[PDB]
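Below sits a lone chain in structure tokens, taken as the form deposited in one PDB entry.
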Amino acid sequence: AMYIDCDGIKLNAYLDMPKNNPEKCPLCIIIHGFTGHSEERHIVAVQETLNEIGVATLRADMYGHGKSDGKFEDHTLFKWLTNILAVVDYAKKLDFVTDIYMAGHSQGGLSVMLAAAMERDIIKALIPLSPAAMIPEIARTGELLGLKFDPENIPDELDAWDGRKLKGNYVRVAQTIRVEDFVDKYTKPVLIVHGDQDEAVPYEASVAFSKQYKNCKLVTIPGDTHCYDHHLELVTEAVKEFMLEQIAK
């Protein structure tokens, strides 16, 4: 448990080492989704699985989320991207760190897709877990996570997601992002994981992205939901097999 500073916004994070406390291991940065945080069941499961195969984990609470600074309503993808650059720059100064990996769920899955492209030289492999990768396009077309609006007259505030508020700025920012450019720029190995009864983010976009990527493996979680209600073990298993593969090379 610590704080990484990002322009005065404290980002809360958890560095978990393998039990053996090795002097050298790789690091995976893990990013939760919209209204999420680093202690969610699926985040912890992935983190624990990694730790048992020798990968340190750095789970970071993004702007306005978890125990980080900022209000939820003020968060945007530019801020999240800025935070991720700050967490990478922090990881780069850790002595124990050999290679750096990225994983993340939903909005956090999208965010690591963006952020690995931007850090393409640095990030050895990428794990988007049910990435909300259509957020930008659907924003341009007038919806955000179930809520609709005129994409040319964005409201000042959107109220939804169980008592939360969100400034229209979120939408103004998301609309600018061309996700496909980021996908074309990251040619290193990608595992996308996705449940095919996902209610929140549609399975079929992940199929479309797995194919755009130069080197992407798509693992389907049969019958499963957005946060893997039914089969989280199938996700942890997927991540385990992929990463054993990657740390061997």
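Heads up: residue numbers just count along the shown sequence, starting at 1. Here the rigid core means the biggest group of C-alpha atoms that line up within 1.5 Å when the two forms are laid on top of each other.
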Check: Comparing 178-186 with 201-209, where is the mean C-alpha B-factor higher?
Finding: 201-209
Item checked: Stretch with the greater mean C-alpha B-factor as recorded in the entry, comparing 86-94 against 162-170 -> 86-94
Next item on the list: Can you work out whether the C-alpha temperature factor of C28 puts it in the lowest, middle or highest third of the chain?
Entry: middle
Margin query: When the deposited Cα B-factors of this chain's modelled residues are ordered and cut into thirds, is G195 in the lowest, the middle or the highest one?
Written below: middle
Note to self: By the recorded C-alpha temperature factor, relative to the other modelled residues in its chain, which third is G64 in?
What the structure shows: lowest
Notebook entry, point to check: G36: which third of its chain by C-alpha temperature factor?
Noted result: lowest
Margin query: How does the C-alpha B factor of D99 compare with the rest of the chain: lowest, middle or highest third?
Written below: highest
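Beyond the structure shown, there is the form deposited in another entry, which is absent from this document and is the topic of what follows.
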Check: Pick from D95, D121, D156, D150: whose Cα moves by 2 Å or more between the shown form and the other one, rigid core superposed?
Finding: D150
Next item on the list: Just say closer or farther for the C-alpha distance from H42 to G146 in the other entry, relative to the shown form; it changes by 3 Å or more.
Entry: farther
Margin query: I want to verify one pair: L147 and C227. Are their C-alpha atoms nearer or more distant in the other entry compared with the form I supplied, knowing the change is 3 Å or more?
Written below: farther
